[PDB]
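**Student:** experimental coordinates for this protein are included below, preceded by the sequence.
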Amino acid sequence: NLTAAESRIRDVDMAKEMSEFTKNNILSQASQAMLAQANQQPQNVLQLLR
Amino acid sequence: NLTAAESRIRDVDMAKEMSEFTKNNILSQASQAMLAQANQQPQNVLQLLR
Amino acid sequence: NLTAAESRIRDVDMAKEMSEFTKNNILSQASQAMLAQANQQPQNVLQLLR
Amino acid sequence: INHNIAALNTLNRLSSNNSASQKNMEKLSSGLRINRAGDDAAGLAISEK
Amino acid sequence: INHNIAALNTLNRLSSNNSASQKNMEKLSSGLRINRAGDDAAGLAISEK
Amino acid sequence: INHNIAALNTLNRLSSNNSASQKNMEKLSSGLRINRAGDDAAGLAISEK
Amino acid sequence: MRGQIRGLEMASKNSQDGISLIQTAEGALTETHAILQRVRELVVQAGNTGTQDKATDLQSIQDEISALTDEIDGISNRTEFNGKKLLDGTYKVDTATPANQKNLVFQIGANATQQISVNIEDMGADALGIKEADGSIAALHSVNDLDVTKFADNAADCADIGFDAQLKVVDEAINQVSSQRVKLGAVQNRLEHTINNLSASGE
Amino acid sequence: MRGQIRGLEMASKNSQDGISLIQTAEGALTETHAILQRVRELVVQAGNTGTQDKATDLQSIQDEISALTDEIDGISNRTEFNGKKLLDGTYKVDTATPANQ
Amino acid sequence: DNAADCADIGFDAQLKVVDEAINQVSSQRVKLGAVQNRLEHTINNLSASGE
Amino acid sequence: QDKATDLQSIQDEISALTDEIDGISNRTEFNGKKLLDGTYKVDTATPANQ
């Protein structure tokens, strides 16, 4: 019983934590794409200049 | 922990530094355009002369 | 024991050394991109000329 | 409109998600949600007893 | 009104932004904000220890 | 964000689990939890007597 | 503006480094904790052996335990974060004079008063105490772990030797280090919430 | 005309900056909120432990919680937008005298 | 030696006086900016007057 | 967090920077004229010497 409760404190649910991981890594790639889009506007400011 | 702190001293945020780079290169092109406009007035001084 | 110490002298940590490799190859591609950006300014110097 | 990217929250979201992912792997590799004490001090002290 | 371009600050802004961009790439290629000691002597000495 | 993998604990977890597994097999092949004295010096000295 | 912003960025940097410090400290406390668990095991075994095995086996057990205590103080001494002692009495909770606490003020924000201090205290003598430890009990329960030949004398009767006493004070030492680790975990949480507030503020 | 126009532009500027202020405030309240959620968790656990675990585990729980409260007031004090306290009682809803609000 | 206690060493004291030095140079720059404005309005008045 | 020697490094930097402050206040000249030093102080003891 004690080791079971220990586990319920400590035991990772690798399923949950890998869904969460997959998610978060994808959020990294996501936000990186958002920068890749964000930085594309000032060039059109140059087009305003010329 | 130590290598983490090292990194927080040394580690470039390539995202930040590329937004900054993209910016600054564009500021170069910007100011160059500003010269390309600046140098166009003396010819109209010639038009004053003739 | 002796062969263990030998290993601790000689044994590559392929994990560490592949993280390091992956890193360094990416730094190659990185700096190459930096040249690919660096060489794009003199053309705008031509735009200053004309 | 250019001298400062407005997309600055996006950077801290990037740092957040990267750090998150790091901690995720820390748990996944260790097999412990309580691997470091910063996780849950309460469940830590419990697990100690 | 012509014998000296008034747009002279613009030149030093050009030199500034070019030098800036150079240093940026220096960091981007090295992966070090502290690549040269002129960057941050304090964080340098720290990183040395 | 790249010049040093944040996943460094993961490496020492890898070394830890590998060394662990090694010691496990050491016990499994020998049939002794006390195979080497580093295991349990107390139970060793007992088992000696 | 730029003043507050730059100092803010440095404040978050400062914060992450403070985190790293307390992670080092708590890792030292993780191994501290591991040893104390092992000591507890050895006390349990010691308690059975007090009327099963002999004074020499107990002598072996205390060779182990006393070596482990030497490792406790060894951790409290060797553990350093960029050279700085973390665990020794140098950052004690409460001296006789509160001025001498020398508390671990870290920079937290970008302006005056935006600071937090903490305390750390571990060593060999981490057994019971009212402000300090005490003599035969409450210090040497961790420094000595008395059962050399002394649980061959009695069961728990003496109340300073006695197995109930030894063991409960070991468990309390576990609680001391416990609560300390609990502190630093909370501290880490505080700095995480901090860096969030900082990052949003800086935006 | 030019009076109203220039002051209008400055009014929109003023407005965006007021926005930024309340965004800082609400970010501090986001972390405030996060902590209070965590406190709620600790109270739920505390409620089970009230007849499962002991006074010392509860003591640990309240070491955590009381530390977190210290962080609550820490947020209410440290949170500033260009130096200005935002969360403390200085901008209370209703004093005894409404003049002092 | 201390956190901010000494009030002459103390970190609060050091930092606030640094910030005040920033305010000294600030106000000075503010002066000269105003001065520039004054001379611009001046040269306008002058040019019109001279016309 | 860090030691007296790191602080010593920090103050090597800062004190050097202060030396640069007075260096600016001395070197800065507009057609030879000192601008920043105490020569054009706000208020001496005697207002005549301003």
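**Tutor:** Nice, I can see it. Numbering: from 1, shown residues only, chains lettered A, B, ... in the order given.
**Student:** look up the closest residue to residue G:72, ignoring the ones flanking it.
**Tutor:** Excluding the flanking residues, the one nearest residue G:72 by Cβ to Cβ, 6 or more residues apart in numbering or on different chains is residue G:124, at 5.2 Å. Where C-beta positions appear, they are placed from N, C-alpha and C, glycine not excepted.
**Student:** and residue A:5, how far is that from residue D:46?
**Tutor:** Noted for residue A:5: a distance of 8 Å to residue D:46, by Cβ to Cβ, to the nearest Å.
**Student:** of these two, who's got more company?
**Tutor:** Taking neighbours as other Cβ atoms under 10 Å in any protein chain shown, residue A:5 and residue D:46 compare with residue D:46 leading, 21 against 12.
**Student:** right, and that one touches residue A:8 too?
**Tutor:** No: assessed by Cβ atoms under 8 Å, residue D:46 is found out of contact with residue A:8, at 10.2 Å.
**Student:** helix, strand or coil for the residue nearest to residue G:72?
**Tutor:** What DSSP: H, G, I helix; E, B strand; the rest coil gives for residue G:124 is coil.
**Student:** burial count for residue A:26?
**Tutor:** By other Cβ under 10 Å, neighbour count at residue A:26 equals 12.
**Student:** show me the contacts for it.
**Tutor:** Listed by Cβ atoms under 8 Å, 6 or more residues apart in numbering or on different chains, the contact set of residue A:26 is empty.
**Student:** quickly note the distance from it to chain J.
**Tutor:** Counting by Cβ to the nearest Cβ, to the nearest Å, the separation of residue A:26 from chain J is 36 Å.
**Student:** what helix or strand is that residue located in?
**Tutor:** Per DSSP states H and E, residue A:26 falls inside helix A:14-38.
**Student:** which residues touch the next helix or strand after that helix?
**Tutor:** As assigned by DSSP H and E, the chain's next helix or strand after helix A:14-38 is helix A:42-49. With contact meaning Cβ under 8 Å, 6+ apart, helix A:42-49 is reached by B:22-23, B:26, B:29-30, B:33, D:1-2.
**Student:** go through helix A:42-49 and flag the buried ones.
**Tutor:** Residues residue A:42 are the ones in helix A:42-49 that count as buried (16 or more other Cβ atoms under 10 Å in any protein chain shown).
**Student:** just stretch D:18-31 next, same as before
**Tutor:** By neighbour count with 16+ other Cβ under 10 Å, stretch D:18-31 contains the buried residues D:18-30.
**Student:** ok, stretch G:109-120 next?
**Tutor:** Neighbour-count burial for stretch G:109-120 flags G:109-112, G:114-116, G:118, G:120 (criterion: 16+ other Cβ under 10 Å).
**Student:** could you do stretch A:4-12 as well?
**Tutor:** A:9-10, A:12.
**Student:** contact partners for the residue nearest to residue G:72?
**Tutor:** Applying Cβ under 8 Å, 6+ apart, the residues near residue G:124 are G:69-70, G:72-73, G:76, G:142-143.
**Student:** residue A:32 too?
**Tutor:** Contact analysis of residue A:32 by Cβ under 8 Å, 6+ apart lists B:15, D:14.
**Student:** look up how far residue D:18 lies from it.
**Tutor:** For residue A:32 relative to residue D:18 (Cβ to Cβ), the value is 10 Å.
**Student:** residue 1: how many residues sit nearby?
**Tutor:** Defaulting to chain A. 5.
**Student:** try again with chain G
**Tutor:** Neighbour count of residue G:1, defined by other Cβ under 10 Å: 6.
**Student:** grab the nearest non-local neighbour of it.
**Tutor:** residue H:82 (6.9 Å).
**Student:** and the one you found, its phi and psi?
**Tutor:** Backbone geometry at residue H:82, expressed as degrees, to the nearest 10, gives phi 60, psi 50.
**Student:** distance of it relative to chain J?
**Tutor:** Applying Cβ to the nearest Cβ to residue H:82 and chain J gives a distance of 25 Å.
**Student:** how about residue D:11, what does it touch?
**Tutor:** A:31, A:35, B:13, B:15-16, B:19.
**Student:** ugh, wrong one, residue D:44
**Tutor:** Going by Cβ under 8 Å, 6+ apart, residue D:44 touches D:34, D:37, G:178, G:181-182, G:185.
**Student:** and the residues you listed, which two are the farthest apart?
**Tutor:** Pairwise distances across the contacts of residue D:44 (Cβ to Cβ) peak at 13.0 Å, for the pair D:34 and G:178.
**Student:** and residue G:196, how many neighbours?
**Tutor:** Residue G:196 has 18 neighbouring residues, counting by other Cβ under 10 Å.
**Student:** and residue G:144, by the same measure?
**Tutor:** Counted by other Cβ under 10 Å, the residues lying close to residue G:144 total 18.
**Student:** repeat that for the one 4 residues further on.
**Tutor:** Residue crowding around residue G:148 was assessed by other Cβ under 10 Å; the count is 17.
**Student:** measure the residue positioned nearest the centre of chain D to residue E:42 for me?
**Tutor:** By Cα atoms, centre = their mean, chain D has its centre lying nearest to residue D:20, at 3.5 Å. From residue D:20 across to residue E:42, the span is 30 Å (Cβ to Cβ).
**Student:** cool, residue D:37 as well?
**Tutor:** 30 Å.
**Student:** again with residue G:35
**Tutor:** 38 Å.
**Student:** and if you look at residue G:44?
**Tutor:** In terms of Cβ to Cβ, residue G:44 sits 52 Å off from residue E:42.
**Student:** these two: which is more packed in?
**Tutor:** The neighbour comparison of residue G:44 against residue E:42 (other Cβ under 10 Å) goes to residue E:42, with 19 against 13.
**Student:** quick check: residue D:4 is in a strand.
**Tutor:** No: per three-state DSSP, residue D:4 lies outside any strand segment and is coil.
**Student:** burial of the one residue in chain G that gets nearest to chain E, as a residue count?
**Tutor:** The minimum distance from chain G to chain E, using Cβ to the nearest Cβ, falls at residue G:82 (6.3 Å). The burial count assigned to residue G:82 is 17, neighbours taken as other Cβ under 10 Å.
**Student:** next up, the contacts around it.
**Tutor:** Going by Cβ under 8 Å, 6+ apart, the list of residues near residue G:82 reads B:2, B:5, E:46, E:49, J:1-3.
**Student:** swap in residue D:39?
**Tutor:** D:33, G:185.
**Student:** what's the spacing between it and chain C?
**Tutor:** Applying Cβ to the nearest Cβ, the value for residue D:39 to chain C is 24 Å.
**Student:** same deal with residue D:37?
**Tutor:** 26 Å.
**Student:** can you list the contacts of residue D:44 in TSV and add neighbour count?
**Tutor:** Output for the contacts of residue D:44, formatted as TSV (neighbours: other Cβ atoms under 10 Å in any protein chain shown):
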residue	neighbour count
D:34	23
D:37	29
G:178	26
G:181	25
G:182	25
G:185	27
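**Student:** I'd like the next helix or strand past the longest helix anywhere in chain D.
**Tutor:** Scanning chain D for the longest helix, with DSSP state H as the assignment, gives helix D:9-30. Moving toward the C-terminus from helix D:9-30, the next helix or strand (DSSP H and E) is helix D:41-48.
**Student:** and the angle for that next one with helix G:2-49?
**Tutor:** 20 degrees (axes from the mean of the first three to the mean of the last three Cα atoms, to 10 degrees).
**Student:** single out the residue in chain D that lies closest to chain E.
**Tutor:** Closest approach between chain D and chain E, counting by Cβ to the nearest Cβ: residue D:3, at 10.9 Å.
**Student:** now do that residue against chain H, distance only.
**Tutor:** Plainly put, residue D:3 is 16 Å away from chain H if you go by Cβ to the nearest Cβ.
**Student:** check contacts around that residue.
**Tutor:** Shown in contact with residue D:3 (Cβ under 8 Å, 6+ apart): B:23, B:27.
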